[PDB]
$ cat start25.cif   # mmCIF, C-alpha atoms; chains and numbers go by the auth columns
data_target
#
loop_
_atom_site.group_PDB
_atom_site.id
_atom_site.type_symbol
_atom_site.label_atom_id
_atom_site.label_comp_id
_atom_site.label_asym_id
_atom_site.label_seq_id
_atom_site.Cartn_x
_atom_site.Cartn_y
_atom_site.Cartn_z
_atom_site.B_iso_or_equiv
_atom_site.auth_seq_id
_atom_site.auth_asym_id
ATOM 1 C CA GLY A 1 81.655 258.891 125.087 0.00 1 N
ATOM 2 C CA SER A 2 83.369 260.923 122.349 0.00 2 N
ATOM 3 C CA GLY A 3 80.678 259.777 119.901 0.00 3 N
ATOM 4 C CA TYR A 4 82.392 256.523 118.945 0.00 4 N
ATOM 5 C CA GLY A 5 80.504 253.683 117.277 0.00 5 N
ATOM 6 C CA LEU A 6 77.166 253.609 115.446 0.00 6 N
ATOM 7 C CA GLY A 7 74.680 255.158 117.893 0.00 7 N
ATOM 8 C CA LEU A 8 71.316 256.556 116.795 0.00 8 N
ATOM 9 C CA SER A 9 70.941 260.221 115.845 0.00 9 N
ATOM 10 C CA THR A 10 68.344 263.013 115.781 0.00 10 N
ATOM 11 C CA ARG A 11 67.194 264.791 112.606 0.00 11 N
ATOM 12 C CA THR A 12 68.338 268.133 114.106 0.00 12 N
ATOM 13 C CA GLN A 13 71.887 266.725 114.287 0.00 13 N
ATOM 14 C CA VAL A 14 71.719 265.480 110.674 0.00 14 N
ATOM 15 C CA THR A 15 71.069 268.966 109.263 0.00 15 N
ATOM 16 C CA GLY A 16 73.522 270.406 111.798 0.00 16 N
ATOM 17 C CA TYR A 17 76.397 268.314 110.426 0.00 17 N
ATOM 18 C CA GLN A 18 75.332 268.893 106.816 0.00 18 N
ATOM 19 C CA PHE A 19 75.441 272.684 107.382 0.00 19 N
ATOM 20 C CA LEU A 20 79.022 272.702 108.742 0.00 20 N
ATOM 21 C CA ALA A 21 80.114 270.578 105.747 0.00 21 N
ATOM 22 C CA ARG A 22 78.646 273.054 103.208 0.00 22 N
ATOM 23 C CA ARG A 23 80.313 276.015 104.962 0.00 23 N
ATOM 24 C CA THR A 24 83.736 274.272 104.981 0.00 24 N
ATOM 25 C CA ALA A 25 83.427 273.202 101.329 0.00 25 N
ATOM 26 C CA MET A 26 82.794 276.846 100.399 0.00 26 N
ATOM 27 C CA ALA A 27 85.936 277.901 102.313 0.00 27 N
ATOM 28 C CA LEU A 28 88.211 275.642 100.233 0.00 28 N
ATOM 29 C CA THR A 29 87.035 276.978 96.850 0.00 29 N
ATOM 30 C CA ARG A 30 86.004 280.625 97.511 0.00 30 N
ATOM 31 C CA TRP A 31 88.278 281.397 100.517 0.00 31 N
ATOM 32 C CA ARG A 32 85.435 283.255 102.285 0.00 32 N
ATOM 33 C CA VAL A 33 82.403 282.336 104.397 0.00 33 N
ATOM 34 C CA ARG A 34 80.137 285.402 104.283 0.00 34 N
ATOM 35 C CA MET A 35 77.872 283.412 101.909 0.00 35 N
ATOM 36 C CA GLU A 36 75.482 286.192 100.840 0.00 36 N
ATOM 37 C CA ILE A 37 74.062 283.713 98.305 0.00 37 N
ATOM 38 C CA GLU A 38 74.645 279.994 98.489 0.00 38 N
ATOM 39 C CA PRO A 39 75.584 278.720 95.012 0.00 39 N
ATOM 40 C CA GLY A 40 76.716 275.333 96.345 0.00 40 N
ATOM 41 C CA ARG A 41 73.140 274.064 96.684 0.00 41 N
ATOM 42 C CA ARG A 42 71.815 275.782 93.544 0.00 42 N
ATOM 43 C CA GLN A 43 74.436 273.946 91.434 0.00 43 N
ATOM 44 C CA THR A 44 73.557 270.596 93.105 0.00 44 N
ATOM 45 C CA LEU A 45 69.765 270.883 92.624 0.00 45 N
ATOM 46 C CA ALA A 46 70.304 271.380 88.855 0.00 46 N
ATOM 47 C CA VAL A 47 71.993 267.936 88.757 0.00 47 N
ATOM 48 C CA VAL A 48 69.179 266.320 90.799 0.00 48 N
ATOM 49 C CA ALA A 49 66.651 267.893 88.378 0.00 49 N
ATOM 50 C CA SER A 50 68.513 266.399 85.360 0.00 50 N
ATOM 51 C CA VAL A 51 68.596 262.879 86.868 0.00 51 N
ATOM 52 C CA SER A 52 64.914 263.145 87.826 0.00 52 N
ATOM 53 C CA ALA A 53 63.961 264.358 84.327 0.00 53 N
ATOM 54 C CA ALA A 54 65.789 261.388 82.748 0.00 54 N
ATOM 55 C CA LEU A 55 63.992 258.813 84.956 0.00 55 N
ATOM 56 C CA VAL A 56 60.568 260.320 84.128 0.00 56 N
ATOM 57 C CA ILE A 57 61.193 259.738 80.397 0.00 57 N
ATOM 58 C CA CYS A 58 62.160 256.109 81.209 0.00 58 N
ATOM 59 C CA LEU A 59 58.854 255.597 83.066 0.00 59 N
ATOM 60 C CA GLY A 60 56.995 257.083 80.099 0.00 60 N
ATOM 61 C CA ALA A 61 58.804 254.753 77.678 0.00 61 N
ATOM 62 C CA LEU A 62 58.241 251.753 79.979 0.00 62 N
ATOM 63 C CA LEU A 63 54.518 252.574 80.209 0.00 63 N
ATOM 64 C CA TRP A 64 54.321 252.919 76.398 0.00 64 N
ATOM 65 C CA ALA B 1 84.246 240.514 107.217 0.00 1 C
ATOM 66 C CA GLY B 2 82.343 240.220 110.506 0.00 2 C
ATOM 67 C CA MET B 3 85.515 239.937 112.591 0.00 3 C
ATOM 68 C CA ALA B 4 87.021 242.861 110.668 0.00 4 C
ATOM 69 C CA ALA B 5 83.995 245.091 111.393 0.00 5 C
ATOM 70 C CA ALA B 6 83.763 243.935 115.037 0.00 6 C
ATOM 71 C CA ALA B 7 87.365 245.061 115.721 0.00 7 C
ATOM 72 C CA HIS B 8 87.330 248.469 113.933 0.00 8 C
ATOM 73 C CA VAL B 9 83.825 249.890 114.569 0.00 9 C
ATOM 74 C CA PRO B 10 84.170 250.422 118.350 0.00 10 C
ATOM 75 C CA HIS B 11 87.175 252.802 118.077 0.00 11 C
ATOM 76 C CA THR B 12 86.212 255.005 115.061 0.00 12 C
ATOM 77 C CA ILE B 13 83.998 258.075 114.571 0.00 13 C
ATOM 78 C CA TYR B 14 81.048 258.320 112.165 0.00 14 C
ATOM 79 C CA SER B 15 79.139 261.432 111.174 0.00 15 C
ATOM 80 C CA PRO B 16 75.378 261.697 111.884 0.00 16 C
ATOM 81 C CA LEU B 17 74.422 261.317 108.221 0.00 17 C
ATOM 82 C CA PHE B 18 75.941 257.814 108.082 0.00 18 C
ATOM 83 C CA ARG B 19 74.453 256.665 111.418 0.00 19 C
ATOM 84 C CA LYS B 20 71.003 257.733 110.198 0.00 20 C
ATOM 85 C CA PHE B 21 71.681 255.757 106.992 0.00 21 C
ATOM 86 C CA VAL B 22 72.576 252.445 108.718 0.00 22 C
ATOM 87 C CA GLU B 23 69.373 252.771 110.770 0.00 23 C
ATOM 88 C CA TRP B 24 67.062 252.942 107.737 0.00 24 C
ATOM 89 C CA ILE B 25 68.543 249.699 106.336 0.00 25 C
ATOM 90 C CA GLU B 26 66.512 247.724 108.896 0.00 26 C
ATOM 91 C CA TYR B 27 63.188 249.261 107.772 0.00 27 C
ATOM 92 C CA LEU B 28 64.097 248.789 104.108 0.00 28 C
ATOM 93 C CA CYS B 29 64.738 245.107 104.905 0.00 29 C
ATOM 94 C CA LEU B 30 61.476 244.534 106.852 0.00 30 C
ATOM 95 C CA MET B 31 59.114 246.048 104.245 0.00 31 C
ATOM 96 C CA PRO B 32 59.693 243.532 101.358 0.00 32 C
ATOM 97 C CA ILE B 33 59.165 240.324 103.457 0.00 33 C
ATOM 98 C CA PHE B 34 55.330 240.154 103.239 0.00 34 C
ATOM 99 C CA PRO B 35 54.987 241.163 99.550 0.00 35 C
ATOM 100 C CA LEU B 36 57.659 238.531 98.691 0.00 36 C
ATOM 101 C CA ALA B 37 56.343 235.686 100.900 0.00 37 C
ATOM 102 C CA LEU B 38 52.872 235.919 99.296 0.00 38 C
ATOM 103 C CA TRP B 39 54.559 235.855 95.868 0.00 39 C
ATOM 104 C CA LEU B 40 56.393 232.669 96.863 0.00 40 C
ATOM 105 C CA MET B 41 53.053 231.207 98.044 0.00 41 C
ATOM 106 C CA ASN B 42 51.628 232.005 94.531 0.00 42 C
ATOM 107 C CA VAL B 43 48.709 234.034 96.024 0.00 43 C
ATOM 108 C CA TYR B 44 48.796 236.797 93.363 0.00 44 C
ATOM 109 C CA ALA B 45 48.573 234.287 90.495 0.00 45 C
ATOM 110 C CA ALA B 46 45.941 232.202 92.317 0.00 46 C
ATOM 111 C CA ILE B 47 43.604 235.201 92.724 0.00 47 C
ATOM 112 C CA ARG B 48 44.209 236.623 89.236 0.00 48 C
ATOM 113 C CA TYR B 49 43.192 233.204 87.814 0.00 49 C
ATOM 114 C CA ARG B 50 40.359 232.729 90.298 0.00 50 C
#
$ encode --input "start25.cif" --output "C-alpha cells"
Amino acid sequence: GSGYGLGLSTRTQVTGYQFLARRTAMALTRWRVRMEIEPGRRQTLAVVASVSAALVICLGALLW
Amino acid sequence: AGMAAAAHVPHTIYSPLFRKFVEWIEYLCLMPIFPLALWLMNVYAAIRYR
C-alpha cells in the first residue's frame, strides 16, 4: 500500500502526475494558478526545437 | 550497490514518471541482443563478401 516501491504504472497516471507538477511549478514563480495561457510548455518546446535542429545538422554533416 | 538498493527501495516513494522509466530499460536491453550476436558471429561481413 501507500504506493511504495517500483510497481508498474498506467499512461493515464503518467500524464496525471506531470500535470500536477506543471501547475505547482507555475505557483512558485507566478503566484497564481488561473493559467489562461500556459507559457511553461511553450518555453520548453523552444529548447527541444533547438536541440533537434542541432542534431539534424550533425546528421547532414555525417552523411556528407 | 545491490545491498544498498535492496534496503532503501522498499520504504521510499517514486513518482509514476520514474516507474515507467525503469520499466522501459528491460525492452531497451532486449532489442540489441540479436543485432549484436549476429555481428559477433561475423554474419554481416560474410554476406557482404559473399
$ resolve_selection --input "start25.cif" --expression "the PyMOL selection byres ((chain C) within 6 of (chain N))" --output "list in words"
residues 9, 10, 12, 13, 16, 17 and 19 of chain C
$ residues_around --input "start25.cif" --residues "residue 39 in chain N" --least-positions-apart "5" --cutoff "12 Å" --atoms "only C-alpha atoms" --output "JSON, numbers by chain"
{"N": [22, 23, 25, 26, 29, 30, 44, 45, 46]}
$ atom_distance --input "start25.cif" --atom1 "CA of residue 38 in chain N" --atom2 "CA of residue 52 in chain N"
22.2 Å
$ atom_distance --input "start25.cif" --atom1 "CA of residue 36 in chain C" --atom2 "CA of residue 24 in chain C"
19.4 Å
$ atom_distance --input "start25.cif" --atom1 "CA of residue 5 in chain C" --atom2 "CA of residue 26 in chain C"
17.9 Å
$ axis_aligned_box --input "start25.cif" --around "range 37-48 of chain C" --padding-each-side "5 Å" --output "JSON"
{"center_x": 50.0, "center_y": 234.0, "center_z": 95.1, "size_x": 22.8, "size_y": 15.6, "size_z": 21.7}
$ closest_residue --input "start25.cif" --among "C:29, C:11, C:23, C:43" --to "residue 1 in chain N" --atoms "all atoms listed in the file"
C:11
$ build_atoms --input "start25.cif" --residues "range 17-40 of chain C" --atoms "N, CA and C atoms" --output "JSON list (two decimals), in the frame of the given file"
[["chain", "number", "residue", "atom", "x", "y", "z"],
["C", 17, "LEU", "N", 75.06, 261.70, 109.48],
["C", 17, "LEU", "CA", 74.42, 261.32, 108.22],
["C", 17, "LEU", "C", 74.60, 259.84, 107.91],
["C", 18, "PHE", "N", 75.72, 259.24, 108.30],
["C", 18, "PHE", "CA", 75.94, 257.81, 108.08],
["C", 18, "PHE", "C", 75.21, 256.96, 109.11],
["C", 19, "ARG", "N", 75.17, 257.38, 110.37],
["C", 19, "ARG", "CA", 74.45, 256.67, 111.42],
["C", 19, "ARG", "C", 72.96, 256.61, 111.11],
["C", 20, "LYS", "N", 72.40, 257.71, 110.63],
["C", 20, "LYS", "CA", 71.00, 257.73, 110.20],
["C", 20, "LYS", "C", 70.80, 256.79, 109.01],
["C", 21, "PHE", "N", 71.78, 256.67, 108.13],
["C", 21, "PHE", "CA", 71.68, 255.76, 106.99],
["C", 21, "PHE", "C", 71.70, 254.28, 107.39],
["C", 22, "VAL", "N", 72.57, 253.86, 108.31],
["C", 22, "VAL", "CA", 72.58, 252.44, 108.72],
["C", 22, "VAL", "C", 71.28, 252.06, 109.43],
["C", 23, "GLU", "N", 70.64, 253.01, 110.09],
["C", 23, "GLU", "CA", 69.37, 252.77, 110.77],
["C", 23, "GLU", "C", 68.26, 252.42, 109.79],
["C", 24, "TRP", "N", 68.11, 253.19, 108.73],
["C", 24, "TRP", "CA", 67.06, 252.94, 107.74],
["C", 24, "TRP", "C", 67.20, 251.61, 107.00],
["C", 25, "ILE", "N", 68.38, 250.99, 107.01],
["C", 25, "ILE", "CA", 68.54, 249.70, 106.34],
["C", 25, "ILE", "C", 67.62, 248.65, 106.94],
["C", 26, "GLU", "N", 67.39, 248.70, 108.25],
["C", 26, "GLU", "CA", 66.51, 247.72, 108.90],
["C", 26, "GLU", "C", 65.08, 247.83, 108.37],
["C", 27, "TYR", "N", 64.55, 249.04, 108.27],
["C", 27, "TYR", "CA", 63.19, 249.26, 107.77],
["C", 27, "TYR", "C", 63.06, 248.88, 106.30],
["C", 28, "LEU", "N", 64.08, 249.17, 105.51],
["C", 28, "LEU", "CA", 64.10, 248.79, 104.11],
["C", 28, "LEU", "C", 64.13, 247.28, 103.95],
["C", 29, "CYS", "N", 64.72, 246.57, 104.91],
["C", 29, "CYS", "CA", 64.74, 245.11, 104.90],
["C", 29, "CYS", "C", 63.41, 244.50, 105.36],
["C", 30, "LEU", "N", 62.76, 245.07, 106.38],
["C", 30, "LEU", "CA", 61.48, 244.53, 106.85],
["C", 30, "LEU", "C", 60.34, 244.68, 105.84],
["C", 31, "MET", "N", 60.22, 245.82, 105.17],
["C", 31, "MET", "CA", 59.11, 246.05, 104.24],
["C", 31, "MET", "C", 58.91, 245.00, 103.15],
["C", 32, "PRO", "N", 59.93, 244.53, 102.42],
["C", 32, "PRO", "CA", 59.69, 243.53, 101.36],
["C", 32, "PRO", "C", 59.31, 242.11, 101.79],
["C", 33, "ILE", "N", 59.43, 241.71, 103.05],
["C", 33, "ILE", "CA", 59.16, 240.32, 103.46],
["C", 33, "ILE", "C", 57.74, 239.86, 103.09],
["C", 34, "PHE", "N", 56.71, 240.57, 103.54],
["C", 34, "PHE", "CA", 55.33, 240.15, 103.24],
["C", 34, "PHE", "C", 54.98, 240.17, 101.75],
["C", 35, "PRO", "N", 55.27, 241.21, 100.99],
["C", 35, "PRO", "CA", 54.99, 241.16, 99.55],
["C", 35, "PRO", "C", 55.68, 240.01, 98.84],
["C", 36, "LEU", "N", 56.90, 239.64, 99.26],
["C", 36, "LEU", "CA", 57.66, 238.53, 98.69],
["C", 36, "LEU", "C", 57.16, 237.16, 99.16],
["C", 37, "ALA", "N", 56.84, 236.99, 100.44],
["C", 37, "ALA", "CA", 56.34, 235.69, 100.90],
["C", 37, "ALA", "C", 55.05, 235.28, 100.19],
["C", 38, "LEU", "N", 54.12, 236.21, 100.00],
["C", 38, "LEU", "CA", 52.87, 235.92, 99.30],
["C", 38, "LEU", "C", 53.13, 235.59, 97.83],
["C", 39, "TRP", "N", 54.17, 236.17, 97.24],
["C", 39, "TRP", "CA", 54.56, 235.86, 95.87],
["C", 39, "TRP", "C", 55.08, 234.42, 95.80],
["C", 40, "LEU", "N", 55.86, 234.02, 96.79],
["C", 40, "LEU", "CA", 56.39, 232.67, 96.86],
["C", 40, "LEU", "C", 55.27, 231.66, 97.09]]
